[PDB]
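Below, each chain spelled out in residue letters.
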Amino acid sequence: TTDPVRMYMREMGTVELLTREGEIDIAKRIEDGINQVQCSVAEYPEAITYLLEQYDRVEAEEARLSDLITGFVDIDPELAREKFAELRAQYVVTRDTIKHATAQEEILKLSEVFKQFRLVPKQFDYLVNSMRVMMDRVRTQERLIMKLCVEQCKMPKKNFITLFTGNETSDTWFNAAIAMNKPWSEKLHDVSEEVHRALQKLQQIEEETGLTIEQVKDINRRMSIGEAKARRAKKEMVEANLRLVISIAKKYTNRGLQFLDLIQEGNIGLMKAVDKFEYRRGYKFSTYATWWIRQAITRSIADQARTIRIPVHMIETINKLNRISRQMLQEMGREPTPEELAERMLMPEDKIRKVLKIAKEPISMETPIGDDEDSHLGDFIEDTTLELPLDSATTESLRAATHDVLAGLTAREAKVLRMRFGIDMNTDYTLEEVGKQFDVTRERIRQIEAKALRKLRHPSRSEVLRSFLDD
Amino acid sequence: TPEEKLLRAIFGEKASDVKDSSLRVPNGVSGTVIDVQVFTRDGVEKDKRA
RNA sequence: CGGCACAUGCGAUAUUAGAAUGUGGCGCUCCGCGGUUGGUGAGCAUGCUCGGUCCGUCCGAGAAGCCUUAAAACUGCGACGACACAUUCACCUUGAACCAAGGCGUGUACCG
């Protein structure tokens, strides 16, 4: 059988439950992952100095304490001043000791006091994705040199990697292996300028971040392995806690959205919970995650389960009306009138009518009217956007009559009266515009217009046009 | 339209802000009005015949 | 030669348990106010001048002023609407619901 809810259950039924300590173990793997990505940030000085310039934007009254970061390990603005002043002293004493191994412990201490700061995920993920873009440009240059030389000139990748991976900076791979007189060294002589230029752009990327790609590759593969560890841990916890999503989403099934839609919105909420979970508060995962799952499911039912999308607070008002009219129906007995809902609630009872009106789901246009024939509701809905053909006959006869009457005028009067209104042309024209048409006075056009209408109001011209006004 | 707007301009008759959607007798019957009821929502002004 | 499975036709035409809070910015809202360019169905059934007269009224040609421009559009100031983010409390705790079973045919796939 197809029944893809059951195929979902059998696809998740192989994943077994967690003990109460395995959740802490997965959370510690998550801690190890974020630890390794923040230590991968800790070696990269350009992200450091970027956040230092953003903190100078904080100190220039263009930012806020709640923009850059949030919180410290023992959020006060005087605390921000003193901790970033110690940071300031640290990075003015740290960077200028390259003049190598003397500076490395200083950079590690600057890295530790950088790790003492609790970031906003905006700036953090910005630094992560900027490192990713830098790595992608480096890989683009590497694959560019490979696609220049390796596949076309039939150079082996082992002899490519040999003096490239290991130095990667200078012309020890490039200029020496030409001079070493290999059978592939000749084929470089058509491509030596582009390979050398890509090598100098690799050196340029090194000079931007200060260190070589020999360090940068290990930095971001450390970042990649730490983030892959974290993502595998979070996959494992989500695969475990699918059951909670099912047990919550059993309740909201008949509220208009399908069952699997509910459990998928619950799984999005569960992934948000695994994002924002903190075990050191000591609560179980269930108590924390249940609110996120119910929040995502309730927000989704309020968002996308209606044809006309009615907003969140409006649906809260509708659910209050149904709850209070459920309570009052067993108090009074008949059903509550909205006059009782005036004093029962805080709304002025004329808005309660329109809230009661908006909350109606539209009828299906194939909802059958009685006796179950081919007569559905769709065959009865009249079209009100057409015009009746008698109105088209009136419009045709009116154009004919007005053309015959405007033929009876002079040349200038008929031309002005056609130009002024929408008669058998494009857009109408106003006073100054007709004045620029005929190079004639504005007020003279009004006088000609009044004389033309005065000519048309008299009988033997007014009869056939007064016939088009019915009494 | 065009010349309908021309005609309105000529005779100055305001196209009214309202439309006759009155209840009418169906096409081709007769007879006597024997009973009239007026149901009105509470909170709305009842007119004279109500 | 059996079984399981699926598809497909007909079954008349017609008429009738969430609660509360804050902040932020936004406007394909037609909601008050200001500034800007910028009109039209009024005097004018001749206000004025001239010409024809069937006339003292209608035809043909001119010029001006007063007065209808916030209309149409543009941009800002209020209201509202929608949107985002954040916070506090309370509750909640690991594999659902569902209909329908009474007709006559045609055919296909799989397995034995």
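Residues numbered from 1 in each chain as written, not as in the entry; some residues may be left out. Chains lettered and ligands numbered in written order. Part of a larger assembly, values for the part shown. Heavy atoms only, no water.

Side note on the state of the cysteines
When the sulfur atoms of two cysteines share a covalent bond, that bond is a disulfide.
Here's step 1: Considering all chains together, one arrives at zero disulfides over all chains under this definition.
Here's step 2: With no disulfide of its own, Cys 149 of chain A has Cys 153 of chain A as its nearest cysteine by sulfur position, at a separation of 5.4 Å. (Disulfide = S-S within 2.5 Å.)

A look at the packing of aromatic side chains
Aromatic rings in a pair are described by how distant their centres are and how their planes are angled relative to each other.
Residues and elements named next belong to chain A.
Here's step 1: One pass over the full model with this rule turns up 12 aromatic pairs over all chains.
Here's step 2: Seen from their ring centres, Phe 160 and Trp 173 are 5.3 Å apart, and the 85° between their planes marks the pair as edge-to-face. Taken together, the positions of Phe 160 in helix α7 (residues 157-164) and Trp 173 in the loop between α7 and α8 (174-179) put the pair 13 residues apart, joining distant regions of the chain. Each member of the pair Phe 160 and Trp 173 is classed as buried. (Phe/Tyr/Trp six-rings, centres within 6.5 Å; stacked < 30°, edge-to-face > 60°. Helix = DSSP H or I, 4+ residues; strand = E, 2+ residues; numbered from the N terminus. Buried < 20%, exposed > 50% of the residue type's maximum accessible area, 1.4 Å probe, protein only.)

Regarding the domain arrangement of chain A
Residues and elements named next belong to chain A.
Here's step 1: We note that the domain assignment places domain 1 (1-309), domain 2 (310-387) and domain 3 (388-471) within chain A.
Here's step 2: A straight line from the C-alpha centre of domain 1 to that of domain 2 covers 50 Å.
Here's step 3: Contact with domain 1, which involves six residues of that partner, is made by nine residues of domain 2.
Here's step 4: Regarding the contact of domain 1 and domain 2, the summed buried area is about 690 Å², with carbon and sulfur atoms giving 50% of it.
Here's step 5: Three residues, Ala 302, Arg 306 and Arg 309, lead the burial of domain 1 against domain 2; their summed loss comes to 65% of the area buried on that side.
Here's step 6: In this structure, the connection of domain 1 to domain 2 is made through one salt bridge.
Here's step 7: One salt bridge in this structure joins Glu 361 and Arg 306, with 3.0 Å as the shortest N-O distance.
Here's step 8: Where domain 1 meets domain 2, there are two residue pairs in polar contact. (Domains from an automatic or database assignment. Contact = heavy atoms within 4.5 Å. Buried area = accessible area lost by both parts, 1.4 Å probe. Salt bridge = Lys/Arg side-chain N within 4 Å of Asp/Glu carboxyl O. Polar contact = N/O pair within 3.5 Å; in protein donor to acceptor, adjacent residues only side chain to side chain.)

As for the protein's contact with RNA strand C
Here's step 1: Among the 40 residues in the neighbourhood of RNA strand C, the closest are listed as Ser 286, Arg 294, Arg 420 and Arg 444 of chain A together with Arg 8 of chain B.
Here's step 2: The contact atoms of RNA strand C, taken as those within 4 Å of the protein, divide so that sugar and phosphate hold 51%.
Here's step 3: For RNA strand C, a base oxygen lies 2.2 Å from a polar atom in the side chain of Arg 8 of chain B.
Here's step 4: Elements supplying a minimum of two residues to the surface near RNA strand C: α1 (4-12), α11 (242-249), α13 (285-304), α14 (312-329), α18 (411-420), α19 (431-438) and α20 (442-457) of chain A. (Near = heavy atom within 4 Å.)

Observations concerning the UniProt feature "DNA-binding region" in chain A
Here's step 1: In the numbering used here, UniProt assigns the "DNA-binding region" feature to residues 431-450 of chain A.
Here's step 2: Counted over residues 431-450 of chain A, helix gives 85% and strand 0%. Its end C-alpha atoms are 13 Å apart. (UniProt positions renumbered as here; feature names shortened; annotations may be inferred.)

Quick look at the interface of chain B and chain A
Here's step 1: Across the boundary between the two partners, chain B contributes 12 residues, which contact 19 residues of chain A.
Here's step 2: Carbon and sulfur atoms supply 73% of the area that chain B and chain A bury against each other, a total of about 1500 Å² over both sides.
Here's step 3: The tally of links between chain B and chain A comes to one salt bridge.
Here's step 4: Residues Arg 399 of chain A and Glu 3 of chain B are paired through a salt bridge, measuring 3.3 Å at the closest nitrogen-oxygen approach.
Here's step 5: At the surface where chain B touches chain A, the tally comes to two residue pairs in polar contact.
Here's step 6: Its residues assigned to classes, the side of chain B that touches chain A comprises six nonpolar, no polar and six charged. (Nonpolar A, V, L, I, M, F, W, Y, C, P; charged D, E, K, R; others polar.)

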